[PDB]
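Protein chains in written order, with the authors' numbering: chain B, 230 to 618; chain A, 230 to 618.
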C-alpha cells in the first residue's frame, strides 16, 4: 500500500543521512589512539543482517516481477504474503537502530549511560522486536519466522520443507552474525569492568582479545553451527526422501566447510603455539581447500541453478538454461559468483582461525558484505530453478 | 504512483534527520558571540515557503478526500493534475536544500568557498528549479505556475480566474519571503566585503542593520507589494464583473493592510527620529488597527468560508454551514483563525516597521510559521465553499 511504501522511503532516507553522518563522524571525529576494531567487530553483525534484509527486499521484488511465484513453494498464505516493501522497511528500520546505536558509540551522551550499553540496546531491541508476543509489529509473518527458526535450530525430528532449507542456507552466509555475537560475549567478558568512560573502543593495548578459554575451540563451533545444522538438515532429508544425487552431493558441500575450518584452526593453533614446522605440513590443506571451494562452486552453478546443461539446454544461451524467467538484461552472473564464492571462502578462513591478525578486521569486513551480495545473487538464480523444477 | 510516494518518504526522512542535526548543531555548536539573527532572517524566507508547500500537500490531500474537486475550479487538466504526493515531495526536496545550506552555514567547509554563498546557492537553485526551461523536472505544472506568476505580478490587462486570485492570496501569507529577499539584498550590500571568514553570522556589532537608504521606505513597499497586487487584482475583477458586495468589501481588507503598515511605519520613523510625542498621537491607529484586523477576520469567517449563516443554515451546526464536505471530526476551527489572524497582524506590524527591535526576530520567527498554518486552515475552509458556491 501507500503507507508501507512511504515508510520504505522514510526509513531509507533516515538510513542514508545517518550513514553520511556515520562516515563524517568516522573521518572528522576520528579516534586518537583507541582501537576502532572492537566497534567494527560488534556492529558488523548488525550491518550484515540489515544488508541481507535489504537485499532480500530486492530478492522478493525480483521474484515478484519474473513469474517465480515464491508463495507456492515457501508454503505461505497467498492471500496474505509479505511484499518486497515490507522487507525493505523492516530492513530500513533495523538500519535506523543500527545507525543510531553506532552514532551513540561515536557521540557519547552523558555519564549516567556509558558507551557499552548501546550495542546491547541494539541487539536487545532487535531480539525484542523478533519475539514480540502479541503486538501488531508483524504478528503473522514473524511468528512464522520464529517457528521456522525453532524447526531449523532443531534439525532432527522435523521434516524439512523448502523454507527450512532456504533459511538454513541463509545462515550459511550469515555465520558472521553468530561470530560477532560470540565475540560480543568474549569482549564483554574481557571488559565488563566499566570505568564509566569507554566500554567500547579500548586503548591501544588490546588486553588479549585473541586469548580466551579453548583458543580456536568453541569459536570454530560457533563458526560451524550453521554449516552443521544444514548438514544434519540435509541428512534428515536423506532419511526422508532416500534419494542419493541431490542429497549426498549437497551434504558434501557443507562437510567440506566442516573439515576445512577445523583443519585451518589446527593450522592456526599449530603455527603460533607449539612446533612451527607447518610450512608444507598443511600445504595440502590449501589444495584441499581449493577443491572444497570449487566443489561448492560447481554445486552452486550446476544443480541448484541448473545454469548450463548441454542435456536439453537451449543452444544460443550457453550462459543460461533452456527457459529463463529473468528478462534479457541483468544476466545470470557466473562472474559475480565465481569471484565472491572465493571471497567468501577466503573470508571464512580468515575471520575464524585468525591467520592474518593485522588484516583480520579489514579483509573480513570487506568480504562479508560481498558474500551477502553473493547470497543475494544466489536467491535470484535458485528460485528461478525451484519454480521451474 | 509508488515511486512518487517513495520519494515523499525519502525527502521527509532526510528532512527529519537534517532537522534533528540542525537542532543539535544549534544547541551543541552554538555561536560564542556572533549574531544568529541575520542567519535566521535569511533562512526564514526558505523555511516558510517549504512549510507552505508541505501544508499545501496536506491541502490537496484534504481537497481530494472530501469531494472538493479542485481541478474543476483551478482550471487544470483533470486527466493530468498534481496529486498531493507531488506537492509533498517538492516541499521535501526544497527542504533538503534548505537544511543542507543551513548546515553548510553551521559546519563551514574549506576556505575556498566562504559561508555567505550557501544562501545564494539555496535561493539560486530554487529559482533555477523554478525556471528550468525544458527538463523533465515538472515541465507541465511549473510552467503553469510561471504563467500564473506572470499574470499575477502584472495585475492589469489580465482577467483574473480563480488560480490567479488563489495564489495572489497565497502571497498575502508569504510576504515574509519578499521581506527576507529584500533583507538579503540589504545584508549583502552591508557585508559584501568578504574577509574570507564570515559573510553570514557577523560580530556582536550589528554594523547598522536597521539603517539603509529610505529608512522604513521601500521596505514597506516590498512589504505591501502582495497586498497591493491583490488590491489591483480585485479592482480589475471589479472592472470586469461590476458586482459590488463580493468586490469592494474584498478590496477593503487589503486597503486596510495598505493603510495600517504605512501608518505604523510613520509611527516607527516618528518615534526614534524626530519629535517623540506620539504617545496618544497614533493611539487611534491601534484601534483603527483592531478594526482593520477584525474586518479581515469577519471577511475570513463570513463570505469566503460562509461558515455561519442564519439565512438558510443548518440548525444543529452553528459552527458550520448548511452542508459541509469535511467529515465530522477536525472541526471548522474558528479558534485557530481568530487567534492566528491576530498573530499574523501583530507579526506583520512587527517585522516591517521594527517597533520592538529586541523581539523583531523572535515574535516574527514564531508567528510567521503560525500564519502559514492559518493560511493552511484557510485553504480547507475556502475550497469547501468555492466548490459549493
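Beta carbons are placed, not taken as given, at the ideal position from N, Cα and C, and that holds for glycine.
Say whether chain A places a C-beta atom closer than 9 Å to the C-beta of residue i.
| i | result |
| --- | --- |
| residue 246(B) | yes |
| residue 239(B) | yes |
| residue 242(B) | yes |
To the nearest angstrom, report how far apart residue i and residue j are at their CA atoms.
| i | j | result |
| --- | --- | --- |
| residue 581(A) | residue 494(A) | 8 Å |
| residue 565(A) | residue 288(B) | 49 Å |
| residue 546(B) | residue 536(B) | 10 Å |
| residue 552(B) | residue 448(B) | 44 Å |
| residue 501(A) | residue 343(B) | 56 Å |
| residue 247(A) | residue 240(B) | 14 Å |
| residue 592(A) | residue 260(B) | 43 Å |
| residue 446(B) | residue 579(B) | 15 Å |
| residue 491(A) | residue 557(A) | 43 Å |
| residue 630(A) | residue 426(A) | Given a span of 230 to 618 for chain A in the structure shown, any question on residue 630(A) remains unanswerable. |
| residue 572(A) | residue 298(B) | 59 Å |
| residue 305(A) | residue 354(B) | 50 Å |
| residue 329(B) | residue 590(A) | 34 Å |
| residue 277(A) | residue 457(A) | 21 Å |
| residue 340(A) | residue 346(A) | 12 Å |
| residue 270(B) | residue 594(A) | 47 Å |
| residue 370(A) | residue 293(A) | 18 Å |
| residue 403(A) | residue 414(A) | 18 Å |
| residue 569(B) | residue 600(B) | 6 Å |
| residue 527(B) | residue 488(B) | 18 Å |
| residue 439(A) | residue 262(A) | 19 Å |
Answer with yes or no whether the minimum CB distance from residue i to chain B is below 9 Å.
| i | result |
| --- | --- |
| residue 291(A) | no |
| residue 235(A) | yes |
| residue 320(A) | no |
| residue 250(A) | yes |
| residue 473(A) | no |
| residue 324(A) | no |
| residue 255(A) | no |
| residue 494(A) | no |
| residue 231(A) | yes |
What distance in whole Å lies between the Cβ atoms of residue j and residue i, which are believed to be in contact at a cut-off of 8 Å?
| i | j | result |
| --- | --- | --- |
| residue 577(B) | residue 243(A) | No, residue 577(B) and residue 243(A) are not in contact; Cβ-Cβ is about 37 Å, not under 8 Å. |
| residue 348(A) | residue 282(A) | Wrong, their Cβ atoms sit about 19 Å apart, outside the cutoff. |
| residue 274(B) | residue 410(B) | 6 Å |
| residue 416(B) | residue 230(B) | Actually they are not in contact, since the Cβ atoms of residue 416(B) and residue 230(B) sit about 42 Å apart, beyond 8 Å. |
| residue 197(A) | residue 401(A) | Chain A is shown from 230 up to 618; residue 197(A) falls before or after that span and cannot be answered. |
| residue 284(A) | residue 511(A) | Actually they do not touch by this definition, with Cβ atoms about 35 Å apart. |
| residue 324(B) | residue 237(A) | Rounded, the Cβ-Cβ distance is 19 Å, inconsistent with contact. |
| residue 497(A) | residue 584(A) | 6 Å |
| residue 318(A) | residue 598(A) | The pair is not a contact, with the Cβ atoms about 20 Å apart (cut-off 8 Å). |
| residue 459(A) | residue 533(A) | That pair is no contact at about 13 Å. |
| residue 596(B) | residue 575(B) | 6 Å |
| residue 302(A) | residue 615(A) | 6 Å |
| residue 251(B) | residue 374(B) | Rounded, the Cβ-Cβ distance is 28 Å, inconsistent with contact. |
| residue 453(B) | residue 507(B) | Wrong, their Cβ atoms sit about 21 Å apart, outside the cutoff. |
| residue 469(B) | residue 388(B) | 6 Å |
*For the 8 Å Cβ check, are there 3 or more pairs between the segment 598 to 616 of chain A and the segment 552 to 563 of chain A?*
In this structure the segment 598 to 616 of chain A touches the segment 552 to 563 of chain A; the number of beta carbon pairs closer than 8 Å is three or more.
_Cβ contact (3+ pairs, closer than 8 Å) linking the segment 411 to 423 of chain B and the segment 471 to 486 of chain B_ = As far as the Cβ criterion goes, the segment 411 to 423 of chain B does not touch the segment 471 to 486 of chain B, which means the pair count is below three.
*asked:* For the segment 511 to 519 of chain A against the segment 457 to 465 of chain A, do three or more pairs of beta-carbon atoms, one drawn from each stretch, fall closer than 8 Å, so that the two count as touching?
replied: no
*Taking a cut of 7 Å between CB atoms, which residues from the segment 334 to 346 of chain A lie near chain B?*
none
_Near-chain D residues of the segment 280 to 312 of chain B (beta-carbon distance less than 8 Å), N- to C-terminal order_ = Note that chain D does not occur in the displayed structure, where the protein chains are B and A.
*Should the segment 371 to 386 of chain A be called in touch with the segment 252 to 267 of chain A, which here means at least 3 C-beta pairs below 8 Å?*
no
*Would the segment 387 to 394 of chain B and the segment 308 to 315 of chain B be scored as touching if the rule is three or more Cβ pairs under 8 Å?*
Flag = no, the segment 387 to 394 of chain B and the segment 308 to 315 of chain B do not touch.
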